[PDB]
Amino acid sequence: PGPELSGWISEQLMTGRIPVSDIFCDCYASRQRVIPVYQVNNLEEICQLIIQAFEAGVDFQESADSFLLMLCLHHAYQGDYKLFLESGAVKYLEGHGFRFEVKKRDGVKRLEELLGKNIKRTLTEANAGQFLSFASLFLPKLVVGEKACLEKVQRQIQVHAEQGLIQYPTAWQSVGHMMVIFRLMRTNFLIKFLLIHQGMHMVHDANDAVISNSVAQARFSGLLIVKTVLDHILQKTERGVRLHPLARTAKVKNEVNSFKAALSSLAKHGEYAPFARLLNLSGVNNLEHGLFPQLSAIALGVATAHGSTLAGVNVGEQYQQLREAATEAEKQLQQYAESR
């Protein structure tokens, strides 16, 4: 402790970079992302308050990770902080740049005690499992959009209620509550990862069965167009599978080199690759189908020759000739194979 001798804080206050009211309030001013792990005796009691705050539509901002972690720790780790801080999920998050700081706090009655003063100013039929499994339903269509995502959430709720697997409070099924979850899911890496890691790595609990089904349905979400383009530029032969000969022409070289580079970066994520758009994993932005119009035209060309379309592939006027050349090449390939 002591005086702020670097002159950094005073420089920031004087130039408008740190608000004056952050230090002079009627309070404190603050590589790795530090997550406070709140160690309590009344975990189930705290979890019910967290759920209640989400139902009321509270935006925890920087505090969201801390409370969402408490819900995961309660449901998936029974309240065992040691089992959790040792888990492969924490090992991944530690490597990903997260730092878990345990904070021992007992006799907590309000969420305000654990805690941006708007959060403390603003301060259930369901459990921690239901909150998490309800959030998991957003994973298959989260990257597409709200409409598509909320329609996928709605159909899946009906499927799980009909199968007799799970039921959620009716108040959660409002567009308003669904939106709150959508916004939370869009911004929060921790919850999305925790859900994926669980759905990925688990061998009865109705919520866990919902989480697993959601994670399987979310495989390659936001990567399905580029995946189908890859399928249609790969050519299965008697010698094995090769790149389509049109992808090997001079005009396509620079594009096929970028594709190869972006595909290598995705492949480095291994078992996580199928969730790279969901988790915004390194290099995923380089693997967008719109970046490869020639490969998309070859792919659509090959599909057209078999009387199929490729959903999401829009071939512009500039790439129409390559698409037509690919349809013809495919028609010819089938002819020289039918005679054999």
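Reading the values: rules and limits
- Residues numbered from 1 in each chain as written, not as in the entry; some residues may be left out.
- Heavy atoms only, no water.
- Helix = DSSP H or I, 4+ residues; strand = E, 2+ residues; numbered from the N terminus.
- Rg over C-alpha atoms; globule rule 2.2 N^0.38 Å.
- Areas by Shrake-Rupley, 256 points an atom, 1.4 Å probe, with all protein chains shown as cover.
- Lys, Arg positive; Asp, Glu negative; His and termini not counted.
- Charge placed at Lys NZ, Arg CZ, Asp CG, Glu CD.
- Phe/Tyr/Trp six-rings, centres within 6.5 Å; stacked < 30°, edge-to-face > 60°.
- Buried < 20%, exposed > 50% of the residue type's maximum accessible area, 1.4 Å probe, protein only.
- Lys NZ or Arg CZ within 6 Å of the ring centre and 35° of its normal.
- Core = buried A, V, L, I, M, F, W, Y, C linked by side-chain atoms within 4.5 Å.
- Domains from an automatic or database assignment.
- Contact = heavy atoms within 4.5 Å.
- Axes fitted to C-alpha atoms, helices over the stretch in contact; angles between N-to-C directions.
- Parallel < 35°, antiparallel > 145°, perpendicular 65-115°, else oblique.
- Left-handed = near helix turned anticlockwise from the far one by under 90°.
- Nonpolar A, V, L, I, M, F, W, Y, C, P; charged D, E, K, R; others polar.
- Buried area = accessible area lost by both parts, 1.4 Å probe.
- Disulfide = S-S within 2.5 Å.

- For this deposited structure, the header cites X-ray crystallography as the method used and 2.4000 Å as the resolution.

- If you check the PDB entry, the protein chain appears there as Polymerase cofactor VP35,Nucleoprotein from Zaire ebolavirus.

### Some remarks on the overall build of the protein chain
Here comes step 1: When its secondary structure is counted, the protein chain shows 15 helices and 4 strands.
Here comes step 2: Taking 340 residues into account, the globule formula puts the C-alpha radius of gyration at 20 Å, and the protein chain, at 25 Å, lies well above it.
Here comes step 3: Along the three orthogonal principal directions, the C-alpha set of the protein chain runs to about 80 × 60 × 35 Å.
Here comes step 4: Carbon and sulfur atoms provide 49% of the accessible area of the protein chain, an area that totals close to 19,900 Å².
Here comes step 5: The positive charge centre, built from 35 side chains, and the negative charge centre, built from 33, are 7 Å apart in the protein chain.

### Describing the packing of aromatic side chains
Here comes step 1: In the structure shown here, the tally under the stated rule is 17 aromatic pairs.
Here comes step 2: On the numbers, 5.2 Å between centres and 65 degrees between planes, the contact of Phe-134 with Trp-172 is edge-to-face. Of this pair, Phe-134 sits in helix 7 (residues 128-136) while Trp-172 is found in the loop between helix 8 (146-162) and helix 9 (175-187), placing the two residues 38 residues apart along the sequence. When sorted by exposure, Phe-134 lands in the same class as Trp-172, which is buried.
Here comes step 3: Feature note: the residues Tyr-38, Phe-54, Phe-60, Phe-67, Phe-131, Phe-134, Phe-138, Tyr-168 and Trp-172 constitute an aromatic cluster, connected by ring pairs.
Here comes step 4: Seen from the ring of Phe-220, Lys-227 lies directly overhead, with NZ or CZ sitting 5.2 Å from the centre.

### Regarding the nonpolar core
Here comes step 1: Counting 100 residues, the largest nonpolar core has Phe-138 and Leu-295 as its most contacted members.
Here comes step 2: Looking at which element gives the most residues to this core, the answer is helix 3 (residues 64-76), with 8 residues.
Here comes step 3: Shared between two domains, this core takes at least three residues from each, and those domains are domain 1 (31-218) and domain 2 (224-338).
Here comes step 4: Dropping the residues within four chain positions of it, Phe-138 is found in contact with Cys-149, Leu-150, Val-153, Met-178, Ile-181, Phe-182 and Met-185.

### Some details on the side chain of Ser-296
Here comes step 1: Structurally, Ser-296 can be placed in helix 14 (residues 293-305).
Here comes step 2: Leaving out residues up to four positions away in the same chain, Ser-296 has contacts with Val-229, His-289, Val-313 and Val-315.

### Considerations on the packing of helix 2 (residues 43-55) against helix 3
Here comes step 1: Following both chains from N to C, one finds helix 2 and helix 3 inclined at 130 degrees, their axes separated by 10 Å at the closest point. Taken together, helix 2 and helix 3 sit at an angle that is classed as oblique. The two elements helix 2 and helix 3 meet at a crossing, and its hand is left-handed. Side by side, helix 2 and helix 3 meet where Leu-43, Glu-44, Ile-46, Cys-47, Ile-50, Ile-51 and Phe-54 of the first sit next to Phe-67, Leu-68, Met-70, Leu-71, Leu-73 and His-74 of the second.
Here comes step 2: Residue composition of the contact of helix 2 with helix 3, by class: 11 nonpolar, 1 polar and 1 charged.

### Section: the domain arrangement of the protein chain
Here comes step 1: Taken domain by domain, the protein chain consists of domain 1 (31-218) and domain 2 (224-338).
Here comes step 2: Using C-alpha coordinates to define each centre, domain 1 is positioned 37 Å away from domain 2.
Here comes step 3: Across the contact, 13 residues belong to domain 1 and 8 residues belong to domain 2.
Here comes step 4: For the pair domain 1 and domain 2, the summed buried surface comes to about 1,000 Å²; carbon and sulfur atoms form 75% of the total.
Here comes step 5: A per-residue breakdown of the area domain 1 buries against domain 2 is headed by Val-143, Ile-196 and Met-200, which together make up 38% of the total.
Here comes step 6: Here the side of domain 1 that touches domain 2 gets 6 residues from one element, more than from any other, and that element is helix 10 (residues 189-200).
Here comes step 7: In terms of residue class, the side of domain 1 that touches domain 2 is built from 9 nonpolar, 3 polar and 1 charged.

### Observations concerning the state of the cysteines
Here comes step 1: Tallied over the full model, the rule gives 1 disulfide.
Here comes step 2: The residue that forms a disulfide with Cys-25 is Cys-27, at a sulfur-sulfur distance of 2.0 Å. Linking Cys-25 and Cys-27, the disulfide has an S-S dihedral of approximately -115 degrees and is accordingly described as left-handed.
Here comes step 3: Just so you know, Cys-72 is unpaired, no disulfide at all, and the nearest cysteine sulfur is the one on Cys-47, 9.2 Å from it.
Here comes step 4: No disulfide involves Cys-149; its sulfur sits 18 Å from that of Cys-72, the nearest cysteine.
Here comes step 5: Note on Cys-149: relative accessible area 0%, which makes it buried.

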